[PDB]
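Heads up: the structure comes next, in structure tokens.
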Amino acid sequence: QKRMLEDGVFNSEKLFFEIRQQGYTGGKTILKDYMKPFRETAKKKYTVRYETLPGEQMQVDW
DNA sequence: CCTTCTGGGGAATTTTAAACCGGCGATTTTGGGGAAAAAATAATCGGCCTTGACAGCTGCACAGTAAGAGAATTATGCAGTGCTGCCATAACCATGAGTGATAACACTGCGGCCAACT
Ligand SMILES: [Mg+2]
């Protein structure tokens with residue numbers, strides 16, 4: 001967590017290689033699963049559609 | 001002309017079939033304890049499938065509001081000086097109490113002297 005939140009490392013291979021020296025012996029799946037929430041949420045592509053009521057909304061832009 | 005046979009009906013009795021209720025023998029069910037197996041849940045493992053990024057980099061422009069940095073100005077608090085009055089302290093004498101001092105013995109610290117090694 002310190003690595004992710006202060007060094008900005010999100011490479012599962014790098015973190016796995018680091019902690020393996022510390023003593024970890026398991027696989028990378030648990031690491032990826034634990035680290036997934038910290039990763040940034042990629043923007044969606046689905047786009048909701050809305051139909052405003054008559055004489056109820058207007059939009060402005062430059 | 002008469003006698004005997006037979007048939008119907010009411011009353012008494014007997015037997016067998018049916019239904020209920022109780023008693024007796026058997027299985028079931030509930031509870032607790034111990035063992036074994038199944039399944040559920042969580043964690044860990046390997047690997048496949050798919051796609052994002054890496055391609056010079058990001059600083060600036062405008063919009064509005066607010067903050068702040070520097071300089072000038074103003075307000076105020078401290079300080080300085082003079083004169084007068086009041087309170088504190090200090091100076092002396094007396095008496096009591098505490099501590100520094102003095103005597104004596106014992107233990108320890110420091111300086112002078114002797115010897116051993118390089
Ligand atoms: Mg716009």
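Order determines the names: the first chain of the structure tokens is A, the second B, and so forth; residues in each chain are numbered 1 upward, and ligands are numbered 1 upward as they are shown.
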
Give me the residues of chain A that have any atom at most 9 Å from an atom of ligand 1; for each, the nearest atom pair and the distance in Å, rounded to one decimal. Use only C-alpha atoms and all ligand atoms, sort by chain and number, and format it as CSV.
```
residue,atom,partner,partner_atom_place_in_ligand_line,distance
A:60,CA,ligand 1,1 (Mg),7.9
A:61,CA,ligand 1,1 (Mg),4.7
A:62,CA,ligand 1,1 (Mg),4.9
```

Could I get the residues of stretch 8-69 of chain B with an atom no further than 12 Å from an atom of stretch 28-35 of chain A, each paired with its nearest atom pair and that distance in Å to one decimal, using only C-alpha atoms (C1' of nucleotides), sorted by chain and residue number, as a tab-separated table?
```
residue	atom	partner	partner_atom	distance
B:43	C1'	A:30	CA	8.6
B:44	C1'	A:30	CA	7.0
B:45	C1'	A:29	CA	7.4
B:46	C1'	A:29	CA	9.0
B:47	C1'	A:29	CA	10.8
```

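Using only C-alpha atoms (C1' of nucleotides), the nearest neighbour of chain A within the list B:115, B:52, B:18, B:79 is B:52.
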
Pull the helix (DSSP H, G or I) assignments for chain A out of DSSP run on the backbone, and list those residues as a compact mmCIF listing (two decimals) with N, CA and C atoms, in the first residue's frame.
```
# COMPACT_ATOMS: atom_id res chain seq x y z
N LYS A 2 1.96 1.25 0.76
CA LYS A 2 2.86 2.39 0.75
C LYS A 2 3.49 2.58 -0.63
N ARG A 3 3.91 1.48 -1.25
CA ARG A 3 4.46 1.55 -2.60
C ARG A 3 3.46 2.19 -3.55
N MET A 4 2.22 1.71 -3.53
CA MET A 4 1.21 2.23 -4.45
C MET A 4 0.93 3.71 -4.19
N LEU A 5 0.77 4.09 -2.92
CA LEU A 5 0.25 5.41 -2.57
C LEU A 5 1.32 6.49 -2.51
N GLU A 6 2.61 6.13 -2.47
CA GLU A 6 3.67 7.13 -2.45
C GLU A 6 4.66 6.99 -3.60
N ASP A 7 4.90 5.78 -4.10
CA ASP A 7 5.77 5.59 -5.24
C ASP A 7 5.01 5.47 -6.56
N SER A 12 2.21 -5.13 -11.22
CA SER A 12 2.12 -6.30 -10.37
C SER A 12 3.40 -7.11 -10.40
N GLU A 13 4.06 -7.19 -11.56
CA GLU A 13 5.31 -7.94 -11.65
C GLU A 13 6.38 -7.33 -10.75
N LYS A 14 6.49 -6.00 -10.75
CA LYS A 14 7.53 -5.35 -9.95
C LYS A 14 7.27 -5.55 -8.46
N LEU A 15 6.03 -5.32 -8.02
CA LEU A 15 5.71 -5.49 -6.61
C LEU A 15 5.88 -6.94 -6.18
N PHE A 16 5.48 -7.88 -7.04
CA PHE A 16 5.66 -9.29 -6.74
C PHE A 16 7.13 -9.63 -6.60
N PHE A 17 7.97 -9.14 -7.51
CA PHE A 17 9.40 -9.42 -7.43
C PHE A 17 10.00 -8.82 -6.17
N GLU A 18 9.52 -7.64 -5.77
CA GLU A 18 10.03 -7.02 -4.56
C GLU A 18 9.66 -7.84 -3.33
N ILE A 19 8.37 -8.13 -3.15
CA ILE A 19 7.91 -8.83 -1.95
C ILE A 19 8.39 -10.27 -1.91
N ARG A 20 8.69 -10.87 -3.06
CA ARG A 20 9.19 -12.24 -3.06
C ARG A 20 10.50 -12.33 -2.28
N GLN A 21 11.36 -11.33 -2.42
CA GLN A 21 12.58 -11.30 -1.62
C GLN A 21 12.26 -11.15 -0.14
N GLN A 22 11.23 -10.37 0.19
CA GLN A 22 10.87 -10.17 1.59
C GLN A 22 10.45 -11.47 2.25
N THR A 29 -1.94 -13.89 -8.42
CA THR A 29 -3.37 -13.65 -8.53
C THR A 29 -3.90 -12.92 -7.30
N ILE A 30 -3.46 -13.32 -6.11
CA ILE A 30 -3.91 -12.66 -4.89
C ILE A 30 -3.43 -11.22 -4.88
N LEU A 31 -2.21 -10.98 -5.36
CA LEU A 31 -1.69 -9.63 -5.42
C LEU A 31 -2.53 -8.76 -6.35
N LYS A 32 -2.85 -9.27 -7.54
CA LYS A 32 -3.67 -8.51 -8.47
C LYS A 32 -5.05 -8.24 -7.89
N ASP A 33 -5.64 -9.24 -7.23
CA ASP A 33 -6.96 -9.06 -6.66
C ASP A 33 -6.95 -8.01 -5.55
N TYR A 34 -5.93 -8.02 -4.70
CA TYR A 34 -5.85 -7.01 -3.65
C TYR A 34 -5.57 -5.62 -4.22
N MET A 35 -4.77 -5.53 -5.28
CA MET A 35 -4.38 -4.25 -5.83
C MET A 35 -5.40 -3.66 -6.79
```

Can you tell me how far atom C1' of residue B:53 sits from atom CA of residue A:38, in Å to one decimal? 20.3 Å
